There are 2 protein chains.
Amino acid sequence: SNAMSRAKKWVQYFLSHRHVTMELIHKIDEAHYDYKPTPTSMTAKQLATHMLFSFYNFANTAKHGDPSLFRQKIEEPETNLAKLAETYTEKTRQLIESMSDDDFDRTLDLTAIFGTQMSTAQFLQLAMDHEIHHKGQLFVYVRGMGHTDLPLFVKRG
Amino acid sequence: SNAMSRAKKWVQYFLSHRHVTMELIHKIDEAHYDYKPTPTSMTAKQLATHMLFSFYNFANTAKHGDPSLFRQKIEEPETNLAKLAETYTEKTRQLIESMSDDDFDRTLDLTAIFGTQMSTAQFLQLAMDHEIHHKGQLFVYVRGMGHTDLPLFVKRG
Ligand code: NI
Ligand code: NI
């Protein structure tokens, strides 16, 4: 029988990147929450928050096959990035882990949003691309704040 | 005969990102070739070059199922980024497009390099993650140079 479900594969793929995101987030102290590489860039706190919430929305939508969920506003009082990070990483992990293998084949009607329909797997690949994209930026932020010992962009696990 | 048009799917996936990379590269004039967001960061030219060459090596290696190709040094006189970009984007596109669907299942012995064996498809996903990762950084560079009208990080359709 299969050693792992699709869900389990996606979760490992997710974590191989999100773990790095979290390592980077821990290098950001309150003093740099509002750091910006450029005058028109997001603050570090904005960037990190956007990554956590946006991915949660992708997973949430994917899990429930419901496109309306996608732009549902997340209101969270947490304030402390690191705690926020661990909270939403766990919520996101659990959503994905709870999916069946057919769920990944379900078609999502996203014309209203991406102007197109899409398999749940393509949709999740988009969420990954989005996370990897922003993590790349986060790398630049963190070096800008002066940190030089940075993790590999992706974890061997 | 390739029932899944794997190559063709990968190519479309590749281009949906590489096209944005190229749009960004065109916003970089010779005057900013050596721009760096931080004193310890790669220059814009170094970053863009690294993306073009690294991906070419992934594809090259994938196409020929030959791990030795991977760290083969690329020597290129071009100098002009944009031309370099279009040249290597086309070479990369052609390599991937010329692959059969079984090629994507071939196992690559990469212990010497990543300390692990890997399917060609996982290997190509790594190449994509790497491109997306660096394109994220390139976005920070380009805003830093002063450009504010930036493409979406990925082109759909
Ligand atoms: Ni975003
Ligand atoms: Ni790299």
Side-chain angles (χ1 to χ4, degrees), chain A residues 9-10 12-14 16-18 20-21 24 35-42 44 47 50-51 54 110-111 113-119 121-157, chain B residues 9-10 12-14 16-18 20-21 24 35-42 44 47 50-51 54 110-111 113-119 121-157:
Chain A
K9 284 172 184 168
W10 274 101
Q12 156 174 351
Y13 182 41
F14 170 66
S16 65
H17 284 280
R18 169 62 53 90
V20 180
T21 292
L24 291 177
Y35 173 88
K36 319 201 311 176
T38 89
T40 63
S41 293
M42 270 177 279
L47 181 43
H50 164 64
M51 293 175 66
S54 72
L110 298 164
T111 331
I113 307 181
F114 299 89
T116 174
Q117 294 207 0
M118 195 170 311
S119 81
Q122 281 169 311
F123 180 68
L124 284 178
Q125 186 61 62
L126 173 54
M128 286 301 310
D129 290 357
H130 184 238
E131 173 97 356
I132 293 157
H133 166 75
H134 282 315
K135 170 152 56 70
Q137 302 191 319
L138 193 52
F139 269 92
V140 181
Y141 279 53
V142 163
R143 301 192 69 85
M145 303 167 180
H147 300 94
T148 294
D149 61 300
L150 304 192
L152 256 74
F153 84 105
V154 60
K155 267 198 170 63
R156 226 80 222 88
Chain B
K9 286 173 180 165
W10 276 102
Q12 156 174 351
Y13 181 39
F14 169 67
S16 66
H17 286 282
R18 171 61 53 91
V20 180
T21 291
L24 289 176
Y35 170 93
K36 319 202 308 179
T38 92
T40 65
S41 292
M42 273 177 284
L47 178 47
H50 164 64
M51 296 172 65
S54 72
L110 298 164
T111 333
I113 307 180
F114 300 89
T116 173
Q117 294 207 0
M118 195 171 308
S119 80
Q122 280 170 310
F123 182 66
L124 283 180
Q125 188 58 65
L126 176 51
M128 285 298 315
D129 291 356
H130 183 235
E131 175 96 355
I132 293 159
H133 164 73
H134 284 311
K135 171 155 56 67
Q137 302 189 319
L138 194 53
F139 268 93
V140 182
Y141 277 52
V142 163
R143 302 191 71 85
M145 300 170 183
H147 302 93
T148 293
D149 61 300
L150 304 191
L152 254 75
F153 81 106
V154 61
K155 270 198 169 64
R156 270 169 254 62

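Computed over heavy atoms, backbone and side chain alike; hydrogens, waters and symmetry mates excluded. All chains are named by letter (A, B, ...) in the order of the sequence lines, taking the proteins before the strands, and each is independently numbered beginning at 1.
Note: A/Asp129 leads A/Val140, A/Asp129, A/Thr38 in heavy-atom pairs under 4.5 Å with chain B.
Interface residue B/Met118: only side-chain heavy atoms are found under 4.5 Å from chain A. With a threshold of 4.5 angstrom between heavy atoms, A/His130 approaches chain B through its backbone and through its side chain. Of the two parts of B/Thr116, only the side chain, counted from C-beta on, holds a non-hydrogen atom closer than 4.5 Å to a non-hydrogen atom of chain A. In this structure, no portion of A/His134 lies under 4.5 Å from any heavy atom of chain B.
Residues B/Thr40 and A/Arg143 have side chains that bring a donor and an acceptor to within less than 3.5 angstrom of each other. A donor atom on one side chain and an acceptor atom on the other are not found under 3.5 Å apart for B/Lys135 and A/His133. In this model, no donor atom of one side chain and acceptor atom of the other lie less than 3.5 Å apart for B/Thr111 and B/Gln117. If you check the side chains of A/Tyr13 and A/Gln125, you find a donor sitting under 3.5 Å from an acceptor.
For A/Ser41 (side chain) and A/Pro37 (main-chain N/O), no donor-acceptor pair under 3.5 Å exists by modelled atom type.
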